[PDB]
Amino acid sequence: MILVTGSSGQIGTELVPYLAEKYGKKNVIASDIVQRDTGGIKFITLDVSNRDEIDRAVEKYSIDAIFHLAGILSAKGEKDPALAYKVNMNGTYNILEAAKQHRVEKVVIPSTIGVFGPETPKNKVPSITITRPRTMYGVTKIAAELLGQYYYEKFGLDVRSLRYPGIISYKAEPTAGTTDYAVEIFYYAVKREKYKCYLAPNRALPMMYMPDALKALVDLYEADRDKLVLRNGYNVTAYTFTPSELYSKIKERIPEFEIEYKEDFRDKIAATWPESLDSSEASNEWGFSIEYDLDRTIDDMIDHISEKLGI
């Protein structure tokens, strides 16, 4: 039995049916504080900041694995750091301790490039590097990785984690992160409208398409234990680009659309992060691989967003 927390978000909306198709709708339990249609898959209300709720869910459903997605992202976290701390820090601790106290075999946590800071090298950064995040989100996430590793080394609890770069998708709309523009821009492109970008035109960041993000999280989940040396904090990425570069590439398909740059607080967050990641450890230790390069995700996004908007 697999429990997914924070399943109503950008990733969860697709991870739940992804897990269901692979292991059976019957073996997956979706959960969040906000319910959304999960197409037949069981959904339960679960606030991760409430230890009692986690215990009850794990007990009732004899949970064997937890994909812990629940959390307040980078941007939203800066608007309410107290909320981010409660949900991300105490919530992750609750999940780890609950898993340990019960018979949960594995816990998989999606960390982020948000664990990096100004001192972190900007190009092809490895997994073991300087981690001095400057956002509440980042502090709770590096803490989660360390707590995760500690629960394995101390209690033998199989906790694994990877660091996601910006995730691009079309099924569920991102709203609380810093890399959200990479999705928003497609809507404006397909409608031939002028997109107002909140990141600087040359703000380079690592990114990846949802299909690969889902595959990576599940591949890490299924990875052989004997090769998991790093175990927590695996850098994962597909490509790096700036807003002006993505605009230009989309332009190659849709010439009648434009962009303007009006940077806000999110650009300041992005400035503290690295431009590209080295994902060699993930590939060497559990076979991480990318199937969608930039061109392929751009064309796939245009196709699906165009159908969604009735274009």
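The first residue of the shown sequence is 1; numbering continues from there.
Mean CA temperature factor is higher for 172-180 when stretches 151-159 and 172-180 are set side by side in the entry.
Between 17-25 and 293-301, it is 17-25 that carries the larger average Cα temperature factor according to the deposited entry. Within the selection 106, 134, 79, 141, the deposited Cα B-factor values reach their highest point at 79. Taking only the listed residues 218, 89, 190, 207, the entry reports the highest CA temperature factor at 190. Remark: residue 68 belongs to the lowest third of its chain, ranked by C-alpha B-factor as recorded. Among the modelled residues of its chain, residue 201 has a C-alpha B-factor that falls in the middle third, as given in the PDB entry.
Among the modelled residues of its chain, residue 34 has a C-alpha B-factor that falls in the highest third, as given in the PDB entry. The PDB entry assigns residue 280 a C-alpha temperature factor belonging to the middle third of its chain's modelled residues. Residue 117: CA B factor lies in the middle third for its chain, per the PDB record.
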